[PDB]
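Only one structure is covered here, and it is reproduced in the block below.
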2 protein chains.
Amino acid sequence: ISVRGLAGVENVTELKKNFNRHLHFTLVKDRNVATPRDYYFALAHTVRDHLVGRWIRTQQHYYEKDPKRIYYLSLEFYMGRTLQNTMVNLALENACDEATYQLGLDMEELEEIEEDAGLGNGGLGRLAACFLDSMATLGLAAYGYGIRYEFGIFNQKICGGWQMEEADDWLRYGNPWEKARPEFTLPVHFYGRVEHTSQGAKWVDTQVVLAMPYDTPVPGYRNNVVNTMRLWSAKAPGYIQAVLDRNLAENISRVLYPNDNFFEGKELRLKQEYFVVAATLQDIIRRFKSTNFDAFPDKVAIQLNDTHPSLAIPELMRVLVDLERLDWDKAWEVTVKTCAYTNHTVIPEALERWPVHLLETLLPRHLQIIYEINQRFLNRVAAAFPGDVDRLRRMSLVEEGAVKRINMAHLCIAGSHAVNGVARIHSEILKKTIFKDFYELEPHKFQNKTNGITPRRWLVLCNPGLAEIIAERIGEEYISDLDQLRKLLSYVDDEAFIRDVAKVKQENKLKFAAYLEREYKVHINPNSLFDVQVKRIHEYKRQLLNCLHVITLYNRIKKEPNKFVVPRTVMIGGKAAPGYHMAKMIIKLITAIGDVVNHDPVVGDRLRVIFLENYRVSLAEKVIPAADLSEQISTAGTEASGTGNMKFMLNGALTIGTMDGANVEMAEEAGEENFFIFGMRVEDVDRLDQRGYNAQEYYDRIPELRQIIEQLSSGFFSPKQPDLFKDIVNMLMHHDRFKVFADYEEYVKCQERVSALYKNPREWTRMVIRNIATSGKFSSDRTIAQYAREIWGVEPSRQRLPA
Amino acid sequence: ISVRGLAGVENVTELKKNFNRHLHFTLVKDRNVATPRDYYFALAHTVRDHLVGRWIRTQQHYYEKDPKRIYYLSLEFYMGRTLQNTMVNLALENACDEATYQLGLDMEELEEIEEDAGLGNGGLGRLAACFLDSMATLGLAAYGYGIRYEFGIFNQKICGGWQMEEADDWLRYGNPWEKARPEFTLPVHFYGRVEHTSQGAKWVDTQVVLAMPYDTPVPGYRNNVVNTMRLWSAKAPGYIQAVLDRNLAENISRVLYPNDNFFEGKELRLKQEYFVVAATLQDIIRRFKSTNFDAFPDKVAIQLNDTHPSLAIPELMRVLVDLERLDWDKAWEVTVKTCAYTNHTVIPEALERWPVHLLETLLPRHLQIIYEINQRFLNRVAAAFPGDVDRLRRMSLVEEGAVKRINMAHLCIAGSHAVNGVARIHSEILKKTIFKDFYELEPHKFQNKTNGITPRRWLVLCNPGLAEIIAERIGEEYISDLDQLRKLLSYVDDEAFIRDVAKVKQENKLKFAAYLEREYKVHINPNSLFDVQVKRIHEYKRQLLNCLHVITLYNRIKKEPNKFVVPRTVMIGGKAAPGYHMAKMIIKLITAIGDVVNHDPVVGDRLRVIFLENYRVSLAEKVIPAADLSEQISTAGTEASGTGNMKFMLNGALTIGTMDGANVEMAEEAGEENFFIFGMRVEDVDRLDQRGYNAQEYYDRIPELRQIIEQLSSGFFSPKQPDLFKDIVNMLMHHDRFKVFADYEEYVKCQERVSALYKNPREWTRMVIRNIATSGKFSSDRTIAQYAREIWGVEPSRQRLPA
């Protein structure tokens with residue numbers, strides 16, 4: 001593939017030399033005992049050496065130039081593997097391929113050794129990872145700041161058809177990409193109390209946890225820019241027990257909480273949040289110092305990814321008032337201009353509302369600062385809406401009830417000059433529902449920043465053949481300017497391009513089928529429509545609606561066995577938060593459907609249903625490029641944006657989905673006729689809520705649906721334990737918040753239209769080309785350019801740094 | 001100094017290149033932000049690269065040659081710093097000095113950054129470290145095996161005159177010398193139960209702890225041999241708590257137990273012991289396999305450093321019988337021929353006697369194997385001494401009482417073909433008292449291996465000037481053949497040599513005084529006799545007898561202020577085990593004596609008493625070369641050998657001590673007239689024990705002693721808390737096991753003779769030369785050659801490996 005670059009003779013010679021050098025001196029191995037793992041490590045170290053000069057030069061350039069610095073604070077960075085990504089952005093892929101081939105090795109085999117850096121749960125974590133890449137590609141002096149969890153998202157095993165969790169020991173064989181920086185270790189304080197003297201308040205008698213930073217390089221695409229991701233690791237500041245007890249402090253960075261769109265008020269999580277925020281803000285203040293605080297917002301932007309790091313607002317006030325001696329007003333003007341907040345969901349149980357008692361014990365000074373912030377904000381509300389007493393109760397940072405709580409989203413809005421949603425429909429709903437009172441007070445604060453994905457990882461890395469047939473016609477500029485994909489609409493009637501698109505897809509399906517056979521020993525039919533739903537397991541995403549369709553296909557086949565149907569391989573994958581019973585029961589239903597469907601001789605290879613184990617970033621890179629049909633079927637109004645939808649669109653799959661999140665903009669970009677939109681719109685969901693959702697009405701009017709519920713309830717998909725899915729049935733019939741049954745009919749009819757088009761490969765491929773060609777808006781470069789110009793106040797750039 | 005080698009032009013050029021390369025690529029630093037710490041690390045990495053080829057070649061040579069392999073099992077390796085040692089043994093010291101000087105840096109300043117690898121308590125730990133060095137210098141295929149504690153011996157701080165302990169975070173900035181080997185991680189089992197089937201016993205339902213090895217290179221002196229030290233680190237094999245609970249398994253290698261000559265039956269310690277033994281023996285069996293077991297003792301020697309790893313005996317039987325299917329008898333013949341045990345003390349509270357209940361819970365199969373071992377050994381005792389029923393009770397591996405226990409020393413003797421003491425007087429006492437019943441049963445098993453110290457670390461590294469004036473007269477061969485020091489008796493009347501010895505000592509005293517002023521801000525008089533007692537704090541070592549002398553000097557000065565006395569700086573240092581009350585009270589007495597003595601204007605600079613903080617291997621390298629008088633005053637019969645005594649002797653100090661441990665052999669080597677021997681001999685200690693030690697008789701007959709006890713009891717050395725030393729006084733007067741008062745008179749008189757000779761510098765220096773010259777026997781090369789030929793069955797060699 002030409003998009004993989006040049007294999008220069010001197011460069012290849014040097015790479016082999018450095019490979020062998022690292023094998024010897026760094027690994028203390030030799031070719032008689034080296035394993036594939038040893039060879040992956042020698043290549044990783046060789047490749048990492050190419051980033052070092054660039055990394056030092058970039059950081060020096062930012063110091064000499066003094067641009068405004070962007071601090072992206074997130075509790076999650078779902079980075080995935082780094083070896084291939086580094087090669088792609090430095091243009092070393094073909095050279096390393098050749099160098100390793102000349103040494104008798106297979107570079108793709110080596111790449112499979114690397115563990116995903118799985119420091120995220122799903123969407124929000126991966127968005128942060130795409131954003132880091134785009135900010136480096138756009139020449140921004142941007143710093144990703146988070147926590148170096150020892151254990152990322154658990155490794156999911158399927159045992160007896162059920163999810164089992166295993167600790168993800170991602171650091172076992174080391175992380176060659178990071179650089180430990182113990183010399184820059186800082187102190188983070190907890191508990192203690194406030195003394196109010198004549199020098200104001202003083203936070204004393206605290207317990208200290210040290211924050212040790214680990215820096216990882218983040219290379220831009222061919223611009224020689226190398227930015228930094230700084231991740232903090234927790235360290236302790238009779239005798240035997242006192243040494244063993246150091247683990248209590250070190251437990252702060254031990255493991256990522258594995259929830260997705262769900263708030264659990266755990267004190268340990270609150271410590272993780274504050275730990276990231278306190279250490280990051282000391283870095284920020286020190287770098288700034290190296291007259292002053294007036295210009296702080298001109299040199300600093302702090303971006304809050306969700307409310308997770310919202311303690312930065314009170315922490316910045318604490319530092320500016322208590323330690324730097326600024327008056328409250330000047331400090332508050334600074335804080336608001338520095339900070340901006342990104343909201344990721346309207347689902348109520350996702351919102352962070354910490355008990356005030358907890359904040360009072362753990363962070364007494366922050367709680368004091370929060371109450372003063374609230375009092376002053378509520379005084380502005382009263383002056384703007386005099387006599388509107390309910391508004392004050394609704395807008396307050398303090399929530400009433402048996403347990404008083406602090407609404408972290410309300411703190412974020414009060415302390416930020418910009419608040420944004422992650423898709424047009426979501427940003428509008430914030431202004432019209434959830435944050436309507438805030439929007440009326442300060443209309444100008446409310447923005448939209450439709451999410452995006454990086455086309456480096458999500459096209460060049462994961463689908464080289466696709467990237468190559470595109471580059472054959474329009475060159476390589478589209479890799480860092482994805483709106484150039486629009487040029488591909490010129491080839492909708494081009495017989496060579498139609499042939500190559502379909503061939504690339506078939507090669508990817510063969511590559512995916514080989515991976516499943518080899519690694520999980522699962523056999524799938526390559527000449528079947530690959531129907532894929534990969535994302536976290538949650539009732540709102542409606543994996544259960546997919547299950548109803550799948551069973552509908554099986555039941556229709558059994559009713560009329562001689563009738564031809566487009567062969568399908570239905571694949572569903574994703575993790576369930578440990579402790580989310582319904583999510584865990586859904587995984588077991590998927591595997592149980594497959595237990596019946598996949599062994600029925602009448603069905604044979606016409607229909608197969610498989611649960612894809614351990615869905616994670618590296619699996620996404622394998623399965624998405626192989627998919628024919630992309631399932632994005634959340635109840636309208638529930639998926640804020642989605643980003644997996646975008647990946648599928650860029651990789652040649654057609655989409656079946658509701659008008660929700662960024663699906664609406666994707667369908668707008670491609671033309672609605674080039675998408676498979678079905679189901680209730682947000683207005684219909686609301687009308688049902690207004691009159692009351694009665695699932696029984698659907699069961700009574702739909703014979704096919706009725707048949708499926710009776711099989712589930714009667715034990716057809718669980719012969720040895722007939723009442724096993726009694727809980728799934730109960731929720732669907734009586735407490736279904738996401739209205740699965742209401743979209744059943746239209747979803748099945750829509751799926752029939754999907755099959756009808758798939759029977760005409762030429763026309764399926766032509767509609768694919770119209771999707772790939774209009775996928776340009778969904779690049780994270782576009783998104784990041786919008787944050788930079790509309791929020792951060794910095795101009796993005798593609799100009800290269802000296803080679 | 002010529003003993004530091006050549007600074008070749010190409011070598012210096014290469015070293016600078018590699019320094020700068022590591023600074024850039026390994027450290028990701030540059031000269032504008034680099035600190036001394038960064039420069040130490042770049043030099044450490046540069047130096048480590050020189051060991052790598054040698055290390056790979058040595059291990060390959062052992063594989064090709066197939067010599068018998070020596071496994072040295074120890075719970076402690078007190079290695080100290082490694083940078084200077086590596087340079088010395090590879091002949092790179094002058095070249096690196098020049099290379100760093102040419103880069104504008106001071107190499108000795110860089111060396112001070114390195115943390116001691118303090119994985120030992122004192123003598124036994126450091127012996128293991130000297131032994132590793134000597135085994136590499138003697139070309140033996142020797143493997144040091146132990147545990148990689150995260151925290152070594154605590155860092156001692158002195159606060160208000162008392163010891164405070166701080167965790168020794170020796171790995172904070174990393175360990176550049178070790179190589180993690182996670183690929184060779186092995187499983188260690190605990191608890192569970194035994195199933196007795198038809199395939200014999202089966203240890204099932206166990207809990208697993210993983211043992212991850214870290215390999216460190218151990219370079220021989222200029223022979224290009226690089227051996228390995230393998231240290232095991234412990235790793236774990238609702239959801240959140242299960243991940244946080246991984247620390248319970250990882251706590252096994254967290255911290256070294258800080259006891260010295262004291263047994264505490266802690267279950268965690270028992271796990272540490274078994275963890276080292278089980279993982280090491282799997283390595284041993286695997287390497288052996290790569291007909292067979294008959295030759296196992298011809299290819300394997302397992303050396304047990306104390307009874308700490310004595311579980312290797314039952315573990316080897318367990319593996320050979322239960323897993324390899326050997327019959328008990330063949331397995332037991334193998335085990336006895338493989339294993340040998342070194343005893344380090346006769347002090348009763350040092351002996352390991354584990355509760356059988358504990359062994360039964362934790363290691364059920366080992367306990368079963370132990371009882372069968374005992375039954376068979378006791379059958380041999382009965383057949384050899386028919387009707388001697390008390391002998392059976394005394395020799396048994398099982399000790400009776402409220403809590404039945406397993407005597408680990410009895411297991412070691414029963415399962416070893418050789419048992420040795422660590423000094424001639426100690427090995428004889430084993431045969432005559434403690435192990436007399438065992439000696440009568442198997443006389444041939446009992447040996448002596450007088451301890452030694454490596455003259456690389458303890459002469460070339462720590463006293464380059466001394467090593468140089470010696471090499472000026474007899475060349476460099478003595479560095480790996482210390483008996484050549486005997487050639488120095490030719491210079492006892494040589495005016496140039498007498499001058500240079502005394503000048504080297506004065507330079508070392510000035511260097512030590514500068515270190516104390518700079519680092520601890522303590523001022524000492526350089527023209528004072530440096531009287532030093534450095535070793536762990538324990539009643540048997542009699543720091544308290546030194547305290548009585550010191551107070552005697554002060555009281556004599558005050559009685560006759562105009563009388564001239566040889567000026568002295570009395571320095572005492574050493575750690576107290578946390579929890580040993582008397583040891584901790586002794587440290588506070590030393591500091592309290594200094595509080596009065598050091599501020600008395602009548603005394604002025606004629607007498608100074610200082611407590612040296614944080615005595616450790618790197619401090620030993622600084623203070624020992626500066627000492628004039630070496631205090632080795634343990635009650636006769638209590639110090640098995642000692643090794644600090646040897647260090648002092650090699651470095652130009654004269655010794656004041658009892659006829660105990662290796663002091664007897666040192667005095668024998670130098671001629672008793674060249675030593676300051678005083679006090680009770682072992683026979684006198686016994687006669688006192690026979691009639692009963694009455695400390696009151698000494699108090700009543702000695703007016704000067706009486707004066708000191710009355711000052712202590714009355715509060716003279718603790719004005720603000722007059723009864724503070726009431727406990728020290730009580731023990732001395734009524735429960736003194738070590739009879740301090742009995743040696744008081746002779747010790748003071750002996751000290752007067754020390755002063756009388758010090759007033760004649762020419763004659764002091766001549767007696768020093770007679771000590772240095774006869775210090776050759778105490779090289780650890782001699783000791784290791786004796787283990788190799790008399791126990792291991794391997795011939796030591798100085799032949800070089802290819803350059």
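Each chain in the structure tokens gets a letter, A, B, ..., in the order shown, and its residues are numbered from 1; ligands are numbered from 1 in order too.
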| task | Please identify which residues in segment 189-423 of chain B DSSP calls strand (DSSP E or B) from the backbone, and express them as a PyMOL selection string. | result | chain B and resi 189-196+201-219+226-235+255+300-305+339-342+353-355+398-399+405-407+418-421
| said: At a cut-off of 12 Å, using only C-alpha atoms, what residues contact residue 319 of chain B? Leave out same-chain residues fewer than 4 positions from it and give the result as a ChimeraX atom specification. | reply: /B:201-203,277-279,281-282,284-286,293,312-315,323-328,331-332,334-335,365-366,369
Keeping only N, CA, C and O atoms, take the residues you just selected and write them out as a tab-separated table (two decimals), in the first residue's frame.
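Dumped to result-v4.tsv:
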chain	number	residue	atom	x	y	z
B	201	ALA	N	0.32	-38.85	47.34
B	201	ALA	CA	-0.28	-37.63	47.86
B	201	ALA	C	-0.38	-36.59	46.75
B	201	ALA	O	0.37	-36.62	45.78
B	202	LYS	N	-1.35	-35.70	46.87
B	202	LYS	CA	-1.59	-34.64	45.91
B	202	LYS	C	-1.99	-33.38	46.68
B	202	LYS	O	-2.94	-33.41	47.47
B	203	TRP	N	-1.22	-32.32	46.50
B	203	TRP	CA	-1.49	-31.06	47.21
B	203	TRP	C	-2.51	-30.28	46.39
B	203	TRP	O	-2.20	-29.84	45.28
B	277	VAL	N	11.95	-20.14	48.28
B	277	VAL	CA	12.32	-21.54	48.10
B	277	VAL	C	11.56	-22.23	46.97
B	277	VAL	O	12.16	-22.96	46.18
B	278	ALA	N	10.24	-22.08	46.88
B	278	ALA	CA	9.47	-22.78	45.85
B	278	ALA	C	9.78	-22.33	44.43
B	278	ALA	O	9.94	-23.17	43.53
B	279	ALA	N	9.86	-21.02	44.20
B	279	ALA	CA	10.17	-20.50	42.86
B	279	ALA	C	11.60	-20.83	42.46
B	279	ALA	O	11.81	-21.32	41.32
B	281	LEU	N	13.44	-23.38	43.48
B	281	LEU	CA	13.61	-24.80	43.16
B	281	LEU	C	12.95	-25.22	41.85
B	281	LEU	O	13.42	-26.19	41.22
B	282	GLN	N	11.92	-24.51	41.36
B	282	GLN	CA	11.39	-24.83	40.03
B	282	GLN	C	12.42	-24.47	38.96
B	282	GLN	O	12.63	-25.14	37.94
B	284	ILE	N	15.60	-24.43	39.43
B	284	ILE	CA	16.67	-25.41	39.54
B	284	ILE	C	16.31	-26.69	38.79
B	284	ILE	O	17.15	-27.24	38.08
B	285	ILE	N	15.10	-27.21	39.00
B	285	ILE	CA	14.71	-28.45	38.33
B	285	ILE	C	14.64	-28.26	36.82
B	285	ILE	O	15.15	-29.12	36.10
B	286	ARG	N	14.06	-27.18	36.33
B	286	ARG	CA	13.97	-26.92	34.89
B	286	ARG	C	15.35	-26.81	34.26
B	286	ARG	O	15.62	-27.50	33.27
B	293	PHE	N	17.70	-37.82	37.60
B	293	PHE	CA	17.89	-37.51	39.01
B	293	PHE	C	19.04	-38.19	39.73
B	293	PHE	O	19.54	-37.51	40.65
B	312	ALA	N	13.59	-25.57	51.56
B	312	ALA	CA	14.10	-26.19	50.36
B	312	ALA	C	14.25	-27.70	50.56
B	312	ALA	O	14.03	-28.43	49.59
B	313	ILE	N	14.59	-28.16	51.76
B	313	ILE	CA	14.75	-29.60	52.01
B	313	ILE	C	13.44	-30.33	51.77
B	313	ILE	O	13.33	-31.10	50.81
B	314	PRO	N	12.37	-30.01	52.49
B	314	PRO	CA	11.06	-30.62	52.25
B	314	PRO	C	10.48	-30.28	50.89
B	314	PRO	O	9.79	-31.13	50.29
B	315	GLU	N	10.79	-29.10	50.33
B	315	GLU	CA	10.30	-28.77	48.99
B	315	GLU	C	10.94	-29.68	47.94
B	315	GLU	O	10.24	-30.16	47.04
B	323	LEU	N	5.87	-35.10	42.41
B	323	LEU	CA	5.79	-34.70	41.01
B	323	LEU	C	6.71	-35.47	40.10
B	323	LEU	O	6.33	-35.68	38.94
B	324	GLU	N	7.90	-35.89	40.53
B	324	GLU	CA	8.81	-36.59	39.62
B	324	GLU	C	8.72	-38.10	39.79
B	324	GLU	O	9.26	-38.88	39.01
B	325	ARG	N	7.98	-38.53	40.80
B	325	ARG	CA	7.76	-39.94	41.08
B	325	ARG	C	9.01	-40.73	41.47
B	325	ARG	O	9.13	-41.90	41.09
B	326	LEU	N	9.91	-40.15	42.25
B	326	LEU	CA	11.07	-40.91	42.72
B	326	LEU	C	10.63	-41.61	44.01
B	326	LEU	O	9.75	-41.09	44.70
B	327	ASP	N	11.24	-42.74	44.34
B	327	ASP	CA	10.91	-43.38	45.62
B	327	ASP	C	11.54	-42.52	46.71
B	327	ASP	O	12.53	-41.83	46.43
B	328	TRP	N	10.98	-42.54	47.91
B	328	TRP	CA	11.47	-41.73	49.01
B	328	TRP	C	12.97	-41.85	49.22
B	328	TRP	O	13.64	-40.82	49.36
B	331	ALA	N	15.09	-40.22	46.49
B	331	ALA	CA	14.89	-38.78	46.62
B	331	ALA	C	15.67	-38.23	47.81
B	331	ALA	O	16.25	-37.16	47.70
B	332	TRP	N	15.61	-38.92	48.95
B	332	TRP	CA	16.32	-38.44	50.15
B	332	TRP	C	17.84	-38.46	49.97
B	332	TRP	O	18.51	-37.57	50.48
B	334	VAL	N	19.42	-37.97	47.16
B	334	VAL	CA	19.63	-36.83	46.28
B	334	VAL	C	19.62	-35.52	47.08
B	334	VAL	O	20.51	-34.69	46.95
B	335	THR	N	18.55	-35.33	47.84
B	335	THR	CA	18.35	-34.12	48.63
B	335	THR	C	19.51	-33.87	49.57
B	335	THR	O	19.94	-32.71	49.63
B	365	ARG	N	1.43	-30.27	53.05
B	365	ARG	CA	2.28	-31.32	52.50
B	365	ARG	C	3.71	-31.27	53.03
B	365	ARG	O	4.28	-32.33	53.26
B	366	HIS	N	4.26	-30.10	53.31
B	366	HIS	CA	5.61	-29.95	53.83
B	366	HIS	C	5.67	-30.51	55.25
B	366	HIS	O	6.59	-31.23	55.63
B	369	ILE	N	5.84	-34.22	55.09
B	369	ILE	CA	7.18	-34.59	54.68
B	369	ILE	C	8.15	-34.40	55.84
B	369	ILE	O	8.99	-35.24	56.09
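The gap separating atom CA of residue 454 of chain B from atom CA of residue 143 of chain B is 17.4 Å, in Å to one decimal.
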| request: Within 8 Å of residue 448 of chain A, counting only C-alpha atoms, which residues show up once you throw out same-chain ones fewer than 6 positions away? Write them as a PyMOL selection string, please. | output: chain A and resi 420-424+427
With C-alpha atoms kept, could you save the residues just selected as a CSV table (one decimal), in the first residue's frame?
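result-v3.csv written:
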chain,number,residue,atom,x,y,z
A,420,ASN,CA,-21.3,22.1,24.9
A,421,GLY,CA,-23.2,19.0,23.9
A,422,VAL,CA,-21.6,16.4,21.6
A,423,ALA,CA,-24.2,16.3,18.8
A,424,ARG,CA,-26.6,18.9,17.4
A,427,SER,CA,-26.9,20.4,22.4
| task | Skip segment 567-580 of chain B itself and residues of its chain fewer than 4 positions away, then list as a VMD selection string all residues within 6 Å of it, counting only C-alpha atoms. | result | chain B and resid 258 to 259 528 to 537 584 606 to 612 615
Store the residues picked out above, limited to N, CA and C atoms, as a CSV table (one decimal), in the first residue's frame.
chain,number,residue,atom,x,y,z
B,258,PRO,N,13.0,-6.2,59.7
B,258,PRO,CA,14.2,-5.5,60.2
B,258,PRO,C,14.7,-6.0,61.6
B,259,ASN,N,14.7,-7.3,61.8
B,259,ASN,CA,15.3,-7.9,63.0
B,259,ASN,C,16.8,-8.4,62.7
B,528,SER,N,42.1,14.0,66.1
B,528,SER,CA,41.6,13.3,67.3
B,528,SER,C,41.6,11.8,66.8
B,529,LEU,N,41.8,10.9,67.8
B,529,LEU,CA,41.8,9.5,67.5
B,529,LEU,C,40.4,9.1,67.1
B,530,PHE,N,40.1,8.6,65.9
B,530,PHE,CA,38.7,8.2,65.6
B,530,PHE,C,38.4,6.8,66.1
B,531,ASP,N,37.6,6.7,67.1
B,531,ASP,CA,37.3,5.5,67.8
B,531,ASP,C,35.8,5.1,67.4
B,532,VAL,N,35.7,4.1,66.7
B,532,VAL,CA,34.5,3.7,66.0
B,532,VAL,C,33.9,2.3,66.3
B,533,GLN,N,32.6,2.3,66.6
B,533,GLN,CA,31.8,1.1,66.8
B,533,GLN,C,30.6,1.2,65.9
B,534,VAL,N,30.6,0.5,64.8
B,534,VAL,CA,29.5,0.5,63.8
B,534,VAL,C,29.1,-0.9,63.6
B,535,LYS,N,27.8,-1.2,63.8
B,535,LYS,CA,27.2,-2.5,63.7
B,535,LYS,C,25.8,-2.4,64.3
B,536,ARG,N,25.0,-3.4,64.1
B,536,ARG,CA,23.6,-3.3,64.6
B,536,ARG,C,23.6,-3.1,66.1
B,537,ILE,N,22.6,-2.4,66.6
B,537,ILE,CA,22.5,-2.2,68.1
B,537,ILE,C,21.8,-3.4,68.8
B,584,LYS,N,16.7,0.6,71.5
B,584,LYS,CA,16.3,1.9,71.3
B,584,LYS,C,16.6,2.8,72.4
B,606,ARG,N,38.8,17.9,73.3
B,606,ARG,CA,39.5,16.7,73.8
B,606,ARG,C,38.7,15.4,73.8
B,607,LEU,N,37.3,15.6,73.8
B,607,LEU,CA,36.5,14.4,73.8
B,607,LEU,C,35.1,14.7,73.2
B,608,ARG,N,34.8,14.0,72.1
B,608,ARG,CA,33.5,14.2,71.4
B,608,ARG,C,32.8,12.8,71.2
B,609,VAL,N,31.5,12.7,71.5
B,609,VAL,CA,30.8,11.5,71.3
B,609,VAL,C,29.6,11.7,70.4
B,610,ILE,N,29.7,11.0,69.2
B,610,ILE,CA,28.6,11.2,68.2
B,610,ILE,C,28.0,9.9,67.8
B,611,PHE,N,26.7,10.0,67.6
B,611,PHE,CA,25.9,8.9,67.1
B,611,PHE,C,25.9,9.1,65.5
B,612,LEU,N,26.4,8.1,64.8
B,612,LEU,CA,26.3,8.2,63.3
B,612,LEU,C,25.0,7.7,62.8
B,615,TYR,N,23.5,4.2,59.7
B,615,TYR,CA,24.6,3.3,59.4
B,615,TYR,C,24.1,2.3,58.4
| field | Residue contacts of residue 623 of chain B (12 Å, only C-alpha atoms) excluding same-chain residues fewer than 2 positions away, as a VMD selection string | value | chain B and resid 458 462 to 463 505 508 to 516 530 to 535 571 to 573 612 to 613 615 to 621 625 to 630 644 647 to 648 651 to 653
| said: Which residues are close to residue 81 of chain A, i.e. within 12 Å by only C-alpha atoms, leaving aside same-chain residues fewer than 3 positions away? Reply as number ranges by chain. | reply: A: 44, 78, 84-87, 110-119, 129, 170, 175-177, 457, 461-462, 616-621
| field | Among listed residues A:656, A:141, A:231, A:702, nearest residue 552 of chain A (using only C-alpha atoms) | value |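 Using only C-alpha atoms, residue 552 of chain A sits closest to A:702.
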| query | So which one's closest to residue 789 of chain A, A:344, A:558, A:426, A:449? Using only C-alpha atoms, please. | reply |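 For residue 789 of chain A, the nearest of the given residues is A:449.
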| field | Point-to-point distance in Å for atom CA of residue 374 of chain B and atom CA of residue 411 of chain B | value | 7.9 Å
